[PDB]
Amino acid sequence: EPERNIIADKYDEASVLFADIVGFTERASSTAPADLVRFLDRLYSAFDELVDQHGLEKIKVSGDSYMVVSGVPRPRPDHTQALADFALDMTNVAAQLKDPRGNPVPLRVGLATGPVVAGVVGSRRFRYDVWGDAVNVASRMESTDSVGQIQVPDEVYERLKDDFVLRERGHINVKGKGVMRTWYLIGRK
């Protein structure tokens, strides 16, 4: 049954992360849906542990993705930095796990900051959900990410540049809109 909206509110500013493990479908890998589910549950349980250790908020999403949010529902003035630190731990932890073949986990991570909408949605049962501008951006940062990096837009770079190390990935000129630039979040300063 499709979910429906119940209540929502706009938040001026929050930070949103998406992560996934790309190419772990039965189609792509031939691994049985049950073995996939077990290996993913391990990886996602590791991320669950990091979310709790960091005091952040996991948003139950449908689909392959893992979603984490900072400064929504409850604001914190370091929301971007806190999600960056969590993102770094998430990719550094995943880098110590391997698939069953002993190959690196093909993790993608995108991270964005900006307005969002949050509230309650549900079908039979309900859950807290977050969507809108920064979620859209985070989603695109994750789905065009190079595997093993953390991709972020300019807005995140402006907010983090003094305290983390970032390297520019590239830019594209879109006439007549403007320039689209993204960065890799590499580490802490």
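Numbering starts at 1 and follows the sequence shown.
Mean temperature factor over C-alpha atoms, higher-scoring stretch between 126-134 and 36-44 = The stretch with the larger average C-alpha B-factor is 36-44.
Which has higher Cα B-factors on average according to the PDB entry: 50-58 or 159-167?
-> So the stretch with the higher mean C-alpha B-factor is 159-167.
Between 119, 100, 71, 106, where does the Cα B-factor run highest in the record?
-> Among 119, 100, 71, 106, the PDB entry lists the largest C-alpha B-factor for 100.
Please rank the C-alpha B-factors of the chain's modelled residues and tell me whether residue 17 sits in the lowest, middle or highest third.
-> Bottom third by C-alpha B-factor.
What third of its chain, lowest, middle or highest, does the C-alpha temperature factor of residue 75 fall into?
-> For residue 75, the deposited C-alpha B-factor lands in the highest third.
Going by what the PDB entry lists, where does residue 151 fall on CA B-factor within its chain: lowest, middle or highest third?
-> Its C-alpha B-factor, which the entry lists for residue 151, ranks in the lowest third among residues of this chain.
Third of the chain's Cα B-factor distribution that residue 139 belongs to, per the entry = Bottom third by C-alpha B-factor.
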